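In: experimental coordinates for this protein are included below, preceded by the sequence.
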Amino acid sequence: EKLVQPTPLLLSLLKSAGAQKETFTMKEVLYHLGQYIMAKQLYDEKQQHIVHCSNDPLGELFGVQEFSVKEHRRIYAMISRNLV
Ligand SMILES: CC(C)(C)C[C@@H]1N[C@@H](C(=O)NCC[C@H](O)CO)[C@H](c2cccc(Cl)c2)[C@@]1(C#N)c1ccc(Cl)cc1
C-alpha cells in the first residue's frame, strides 16, 4: 500500500524487466526483480532457489554474490538500500 521510489540504478534494472513507471509497491518491485532474475537466468540449475549474481548488476546493487529467493527478510533489506 505504501509506495517506494527505487534509486536510479535499481529503477533501470526494473525497467529492463518490464516496469513502465517510477514509484511502486514492494510487491511490484519484487515482481519485476523476479522477472529480471528469470530473464537473465540468474538462478542455479540444480539448486533453484539460489541466485548467482557476482557478475550481474543486481549483485553489485544488493552487495552479494549469492542469495536465496526464500530469504525474504534479507531480500527486503537488500532492496531497501536501493530505495529513496
Ligand atoms: C521465483 C522468482 C521468479 C525468482 C520470484 C521469487 N519467488 C518468491 C519466492 O519466495 N520463491 C521461493 C518459494 C519457495 O519455493 C517456497 O514455496 C520470491 C519472493 C516472494 C515474495 C517476497 C519476497 Cl522478499 C521474495 C521472489 C518473488 N516474487 C523473488 C523476487 C525478487 C527477488 Cl530479488 C528474490 C525473490
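Out: Ah, there it is. Numbering: from 1, shown residues only.

In: and the chain, which residues reach the ligand?
Out: 30-31, 33-34, 37-38, 49, 69-70, 72, 75-76 (CB under 6 Å from any ligand atom). To be clear about C-beta, it is placed using only N, CA and C from the backbone, and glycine gets the same treatment.

In: at 8 Å what do you get?
Out: By CB under 8 Å from any ligand atom, the residues of the chain that approach the ligand are 27, 29-31, 33-38, 43, 49, 51, 58, 62, 67, 69-73, 75-76, 78-79.

In: show me what contacts the most centrally placed residue in the chain?
Out: Central residue of the chain (CA atoms, centre = their mean): residue 33, 3.8 Å from the mean position. Applying CB atoms under 8 Å, 6 or more residues apart in numbering to residue 33 gives the contacts 13-14, 17, 58, 79.

In: and it, what element?
Out: Here residue 33 sits within helix 26-40, counting by DSSP states H and E.

In: give me the distance from that helix to the chain's centre.
Out: Between the centre of helix 26-40 and the centre of its chain there are 6 Å (CA atoms, centre = their mean, to the nearest Å).

In: the helix or strand just after that helix packs against which elements?
Out: Counting by DSSP H and E, the next helix or strand C-terminal to helix 26-40 is strand 50-52. For strand 50-52, the packing partners by 3 or more CB pairs under 8 Å, 6 or more residues apart in numbering; DSSP states H and E come out as strand 66-68.

In: buried ones in the strand it packs on?
Out: residue 67 (16 or more other CB atoms under 10 Å).

In: state the paired neighbours of it in the sheet, together with their directions.
Out: strand 50-52 (antiparallel) (DSSP bridges).

In: ok, then the element right after the strand it pairs with?
Out: Next element after strand 50-52 (DSSP H and E): helix 57-62.

In: please save the CA atoms from that next one in CSV.
Out: Listed in CSV are the C-alpha atoms of helix 57-62, where the atom choice follows Å, rounded to 0.1, in the frame of the first residue of the first chain:
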residue,chain,number,x,y,z
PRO,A,57,24.3,-5.6,-12.0
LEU,A,58,22.0,-7.0,-9.2
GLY,A,59,24.9,-8.4,-7.3
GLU,A,60,26.5,-5.0,-7.0
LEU,A,61,23.3,-3.3,-6.1
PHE,A,62,22.5,-6.0,-3.5
